[PDB]
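Right, one structure below, let's go through it.
Here the Cβ positions follow ideal geometry from the backbone for every residue, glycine too, while neighbour counts run over all protein chains shown. Throughout, read-outs are computed from the coordinates displayed, never taken from laboratory work.
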Amino acid sequence: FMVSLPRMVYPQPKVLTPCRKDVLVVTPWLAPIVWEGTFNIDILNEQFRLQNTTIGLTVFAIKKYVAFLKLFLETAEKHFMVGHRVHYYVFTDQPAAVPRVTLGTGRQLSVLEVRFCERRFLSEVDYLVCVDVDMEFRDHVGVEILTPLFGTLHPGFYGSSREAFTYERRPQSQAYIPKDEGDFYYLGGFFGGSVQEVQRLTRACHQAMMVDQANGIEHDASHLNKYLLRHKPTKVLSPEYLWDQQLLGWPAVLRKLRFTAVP
Ligand SMILES: [Hg+2]
Ligand SMILES: [Hg+2]
Ligand SMILES: [Hg+2]
Ligand SMILES: [Hg+2]
């Protein structure tokens, strides 16, 4: 049950004026492709606040990567889902090395040591967002991404033909994608969706990985890409949501760099 939106004043959408004339803003299966300019965040924020949405943000910070947590969480506090309930889950082998970062109200952090758990996510959050920790939020990352299942366009392949995508190409692998298949090349550093859809993804990925290991063949990205080929995501994030400015600059087609590699 979705309650009524309030009165809001904003510019009328123009049916005969395309949103962007430089990029694809919807997939062939009618999933939006989220670029700056495609969304009114005020409408979306209302929609998700009225549902009292809670978002889990999972990071794995092992060994030397704990060094990146401080900048990651600090910048998340400024840019990630500001205004909504956020639950950080930091998986680490060094719980004591996790920095004390000050969190805004309605936001919490759990440290989970690694050397009825998945069940925990189902009762605690509505969506899960899984990302790499050696990263920095530089601009808005908000509820526009939220959907049952989403992937993010790999920043070095978003203009490439499918032949050039570095999918798994060996037929013996469960991640195998032939040269004549593939919609996009998704990167493993930013994906998510509902808790249910994310658990299905990681479960299917874990089983495919074990089958490959059993067949003497050896990763994350290739399996994610196979999964999202066969289970089309309900939104697709533009490379705004995972960029490397040192490696790729700031091209015109990116009006914002939201989430980036660290110099
Ligand atoms: Hg638009
Ligand atoms: Hg995750
Ligand atoms: Hg992840
Ligand atoms: Hg996966």
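Quick look at the numbers
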| read-out | value |
| --- | --- |
| Rg ratio (alpha-carbon, reference 2.2 N^0.38 Å) - the range 1-82 | 1.51 |
| Given charges at Cβ of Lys, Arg, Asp, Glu: the chain dipole, positive-most of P178, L30, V15 | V15 |
| Sorted by Cβ neighbour density within 10 Å, fewest at the top, the residues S123, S194, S238 | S123, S194, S238 |
| Alpha carbon centroid spacing (whole Å) that separates the range 5-61 from the range 139-158 | 11 Å |
| Estimated vicinal HN-Hα couplings, Hz - the range 159-172 in sequence order (Karplus 6.51, -1.76, 1.60; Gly, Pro = x) | x, 8, 6, 5, 4, 7, 4, 8, 5, 5, 10, 7, x, 7 |
| Other-chain or far-sequence residues with amide H under 5 Å of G151's (modelled H) | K235, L237 |
| Simple label model, 7 Å out from Cα along Cβ direction - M210 to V26, nm | 4.1 nm |
| Viscosity 0.692 mPa s, temperature 37 °C, Stokes-Einstein D of the chain from Kirkwood C-alpha radius, µm²/s | 167 µm²/s |
| Least to most buried among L247, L109, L16 (fewest other Cβ within 10 Å first) | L16, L247, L109 |
| When the range 40-117 is reduced to its Cα atoms, the Kirkwood hydrodynamic radius in Å | 13.6 Å |
| Whole-number Å³ per residue for the convex hull built on Cα positions in the range 101-169 | 219 Å³ |
| Protection proxy ranking of 229-235, 100-106 - average other beta-carbon atoms within 10 Å, highest first | 229-235, 100-106 |
| Where N is the number of residues in the range 1-157, Cα Rg divided by 2.2 N^0.38 Å | 1.18 |
| 5 angstrom amide H check on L112, placed H, neighbours 5+ away | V90, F91, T92 |
| Which of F191, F91, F184 has the fewest Cβ neighbours within 10 Å, and the rest in rising order | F91, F184, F191 |
| The chain, helix-only ellipticity at 222 nm - DSSP H runs n ≥ 4, -39,500 (n - 2.57), divided by all residues, nearest 500 | -7000 deg cm²/dmol |
| Cα centre as origin, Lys/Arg/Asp/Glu Cβ charges: the chain dipole, Debye | 320 debye |
| Segment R120-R170, length gained on full extension (0.36 nm per residue, minus Cα span) | 14.3 nm |
| ³J(HN,Hα) computed for each position of the range 71-77 - Karplus, 6.51 cos²θ - 1.76 cosθ + 1.60, integer Hz, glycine/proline x | 4, 4, 6, 3, 6, 4, 4 |
| Most to least packed among 72-81, 162-171, 252-261 [average Cβ atoms within 10 Å] | 72-81, 252-261, 162-171 |
